[PDB]
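Here's the structure we're looking at; comments come further down.
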Amino acid sequence: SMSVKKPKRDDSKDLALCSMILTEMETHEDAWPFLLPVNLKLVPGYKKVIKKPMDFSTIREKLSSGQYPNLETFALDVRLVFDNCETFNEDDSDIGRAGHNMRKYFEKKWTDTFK
């Protein structure tokens, strides 16, 4: 509360560390469905159904331009990529499996880097 604060966590490396995680997601072999924004002209139903499209390139641009206020807002966008994927893709499809694999990969890197 006012004049009452928990001890200051060192957040000075968060930006660099989120960049590294994102590099690792970008270079994963199952990243291909997530590298670029879904083409809303060419994929029927995507625009109407997925209210907040997100992809790795868009996260990278937001990261690089100071549009994440903190590491939680960064994690929210990553998870949004996988949540969108589950919304639109059957579990039993290449893309559906890709999204589950990437989500796992991400959550482990996240826990190991920050928890």
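Here, A, B, ... name the chains of the structure tokens in the order displayed, residue numbers run from 1 inside each chain, and ligands are numbered from 1 in the same displayed order.
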Residues flagged alpha helix (DSSP H) by DSSP in range 7-110 of chain A, as a PyMOL selection string: chain A and resi 14-26+46-49+56-64+71-88+94-110
Residue contacts of range 94-99 of chain A (9 Å, only C-alpha atoms) excluding same-chain residues fewer than 2 positions away, as a list in words: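 Contacts, in chain order: residues 30, 31, 32, 33, 34, 81, 82, 83, 85, 86, 88, 89, 90, 91, 92, 101, 102, 103 and 104 of chain A.
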Write out as JSON lines the residues of range 34-95 of chain A that have any atom within 12 Å of an atom of range 4-12 of chain A, one row each with the nearest atom pair and its distance in Å to one decimal, counting only C-alpha atoms, sorted by chain and then rising number.
```
{"residue": "A:69", "atom": "CA", "partner": "A:11", "partner_atom": "CA", "distance": 11.4}
{"residue": "A:70", "atom": "CA", "partner": "A:11", "partner_atom": "CA", "distance": 8.8}
{"residue": "A:71", "atom": "CA", "partner": "A:11", "partner_atom": "CA", "distance": 8.8}
{"residue": "A:72", "atom": "CA", "partner": "A:11", "partner_atom": "CA", "distance": 11.9}
```
Taking C-alpha atoms for each residue, export the selection above as a PDB file, in the first residue's frame.
```
ATOM      1  CA  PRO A  69       4.992  -2.900 -19.954  1.00  0.00           C
ATOM      2  CA  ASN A  70       6.122  -5.995 -18.056  1.00  0.00           C
ATOM      3  CA  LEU A  71       6.941  -9.684 -18.501  1.00  0.00           C
ATOM      4  CA  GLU A  72       3.284 -10.742 -17.735  1.00  0.00           C
TER       5      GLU A  72
END
```
Could you give me, as a PDB file with C-alpha atoms, in the first residue's frame, the residues within 10 Å of range 59-65 of chain A, counting only C-alpha atoms and dropping anything in the same chain fewer than 5 positions from it?
```pdb
ATOM      1  CA  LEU A  15      13.597  -7.566 -21.746  1.00  0.00           C
ATOM      2  CA  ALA A  16      16.691  -9.451 -22.808  1.00  0.00           C
ATOM      3  CA  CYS A  18      11.970 -12.482 -23.050  1.00  0.00           C
ATOM      4  CA  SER A  19      13.900 -11.798 -26.355  1.00  0.00           C
ATOM      5  CA  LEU A  22      11.146 -15.590 -28.196  1.00  0.00           C
ATOM      6  CA  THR A  23      14.258 -16.456 -30.285  1.00  0.00           C
ATOM      7  CA  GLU A  26      11.049 -18.596 -33.436  1.00  0.00           C
ATOM      8  CA  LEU A  35       5.746 -17.050 -37.392  1.00  0.00           C
ATOM      9  CA  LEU A  36       3.532 -14.602 -39.246  1.00  0.00           C
ATOM     10  CA  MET A  54      -1.381 -12.837 -32.399  1.00  0.00           C
ATOM     11  CA  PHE A  74       4.546 -10.583 -22.855  1.00  0.00           C
ATOM     12  CA  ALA A  75       3.434 -14.048 -21.569  1.00  0.00           C
ATOM     13  CA  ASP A  77       0.486 -12.508 -25.946  1.00  0.00           C
ATOM     14  CA  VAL A  78       2.519 -15.716 -26.277  1.00  0.00           C
ATOM     15  CA  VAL A  81      -1.017 -17.361 -29.905  1.00  0.00           C
TER      16      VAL A  81
END
```
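For residue 47 in chain A, the list of residues within 12 Å, based on only C-alpha atoms and with local chain neighbours fewer than 6 positions off taken out, reads residues 37, 38, 39, 40, 41, 53, 54, 84 and 88 of chain A.
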Go ahead and save the picked residues with N, CA and C atoms, as a short mmCIF file (atom, residue, chain, number, x, y, z; two decimals), in the first residue's frame.
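Resulting contents of result-v1.cif:
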```
data_model
loop_
_atom_site.label_atom_id
_atom_site.label_comp_id
_atom_site.auth_asym_id
_atom_site.auth_seq_id
_atom_site.Cartn_x
_atom_site.Cartn_y
_atom_site.Cartn_z
N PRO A 37 1.49 -13.32 -39.11
CA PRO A 37 0.06 -13.22 -38.93
C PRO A 37 -0.75 -14.09 -39.92
N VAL A 38 -1.82 -14.69 -39.43
CA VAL A 38 -2.73 -15.45 -40.31
C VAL A 38 -3.26 -14.49 -41.35
N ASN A 39 -3.27 -14.93 -42.62
CA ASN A 39 -3.74 -14.05 -43.71
C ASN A 39 -5.31 -14.01 -43.68
N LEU A 40 -5.83 -12.90 -43.21
CA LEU A 40 -7.27 -12.74 -42.98
C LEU A 40 -8.09 -12.63 -44.23
N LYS A 41 -7.44 -12.32 -45.36
CA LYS A 41 -8.09 -12.41 -46.68
C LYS A 41 -8.18 -13.85 -47.15
N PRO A 53 -6.02 -11.71 -33.03
CA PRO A 53 -4.96 -12.49 -33.68
C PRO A 53 -3.63 -12.11 -33.07
N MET A 54 -2.76 -13.12 -32.92
CA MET A 54 -1.38 -12.84 -32.40
C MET A 54 -0.45 -13.84 -33.06
N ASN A 84 -5.50 -19.03 -29.45
CA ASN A 84 -6.07 -18.89 -30.83
C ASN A 84 -5.95 -20.16 -31.63
N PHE A 88 -9.14 -22.52 -33.29
CA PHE A 88 -9.33 -22.72 -34.70
C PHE A 88 -8.94 -24.07 -35.29
#
```
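CA of residue 107 in chain A to CA of residue 14 in chain A spans 15.8 Å [interatomic distance, one decimal].
Here CA of residue 57 in chain A and CA of residue 27 in chain A stand 12.1 Å from one another.
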To one decimal in Å, tell me the separation between CA of residue 66 in chain A and CA of residue 115 in chain A.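 Computing the Euclidean distance for CA of residue 66 in chain A and CA of residue 115 in chain A yields 23.1 Å.
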